[PDB]
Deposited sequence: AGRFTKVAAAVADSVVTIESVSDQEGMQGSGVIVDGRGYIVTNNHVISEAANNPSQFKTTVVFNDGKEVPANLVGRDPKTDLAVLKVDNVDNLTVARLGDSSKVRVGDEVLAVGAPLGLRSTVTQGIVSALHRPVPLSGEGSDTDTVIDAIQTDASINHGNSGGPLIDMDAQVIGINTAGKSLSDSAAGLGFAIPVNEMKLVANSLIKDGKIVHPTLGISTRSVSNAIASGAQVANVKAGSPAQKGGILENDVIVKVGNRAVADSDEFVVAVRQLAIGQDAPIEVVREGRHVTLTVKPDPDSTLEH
């Protein structure tokens, strides 16, 4: 038995097919079994329509034996494109082994495993081509466009393995595939899923800034496009056509790194923001607000 053949066959019982059907449409994707009680992690674009219109869509989970069981949505994070599902009282579940994406290195052999019984299902191979790479993700329906600090791989990520696990050579999950390929690291997926299960959703920081990427010799980075009224940036001194070069303890190369850096902040604790303003380097003190105040 082949070396990748062995790894894929060992995690096949942990990958599931996720279908949501209405009377006129039907979405399919992949998911991962991460808890013996029935908690299944997929990405947010696979389920987006079934959450914006749950009155008309029905989500089901198909296992690798063919069993189809009802599934309910625990929570979903469009800003990390993640989601947690729940199947009830299904026995003999083959839970996936969750690894440490902090120990993942560039050039490591990986497998992007999709659900075997899916329609356009795929299992692709490659290596890790980049770590902590911000990639912009387009929201499905009414869902917002986001940027995630991602693992990059030259294994192909497509409709057939989206939501499925990125697997290392010890058959451990190191990421969630989001459909030149990108995956959500498992350590962030663990933090997000632990909150989606407990609280039904997750709360992220906000400053009220929109940015556009700038690249020149004066100041390259994220150029502020709009500052919301009453926002922490407005009450921190951030002006428009300012070039943010660092949010907190992270340098900012463009707007994509800016989104990830803001979301690596602490809600309600002052943080430093460097800005190049008309050639004058100005550091500012901004107190991040929560994107959801009542859930916080």
Sequence ranges without modelled C-alpha atoms (deposited numbering): 180-189
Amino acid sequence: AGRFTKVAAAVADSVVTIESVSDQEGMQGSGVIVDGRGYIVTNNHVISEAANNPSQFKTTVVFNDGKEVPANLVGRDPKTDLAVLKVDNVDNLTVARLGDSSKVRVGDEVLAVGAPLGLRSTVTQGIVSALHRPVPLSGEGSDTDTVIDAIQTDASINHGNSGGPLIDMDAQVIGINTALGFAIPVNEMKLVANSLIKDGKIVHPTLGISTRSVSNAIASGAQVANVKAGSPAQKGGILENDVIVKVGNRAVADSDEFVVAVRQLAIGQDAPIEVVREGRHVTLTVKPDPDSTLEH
From here on, numbers count along this sequence of modelled residues.
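C-alpha atoms forming the largest set that superposes within 1.5 Å between two forms make up the rigid core.
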Core-fitted comparison in 4 other deposited structures of this protein, 104-112 vs 210-218, farther C-alphas: 210-218
Residue range whose averaged C-alpha B-factor is higher in the record, 239-247 or 43-51: 239-247
Stretch with the greater mean C-alpha B-factor as recorded in the entry, comparing 162-170 against 84-92: 84-92
Member of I18, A9, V15, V275 with the greatest C-alpha B factor (per the PDB record): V275
Identity of residue with top Cα B-factor, from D77, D199, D149, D100: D199
Position of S30 among the chain's modelled residues by C-alpha B-factor, lowest, middle or highest third: lowest
Modelled-residue ranking by C-alpha temperature factor, third containing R120: highest
Third of the chain's Cα B-factor distribution that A217 belongs to, per the entry: highest
For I267, the third of its chain into which the C-alpha B factor falls: highest
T144 by Cα B-factor - lowest, middle or highest third of the modelled chain: highest
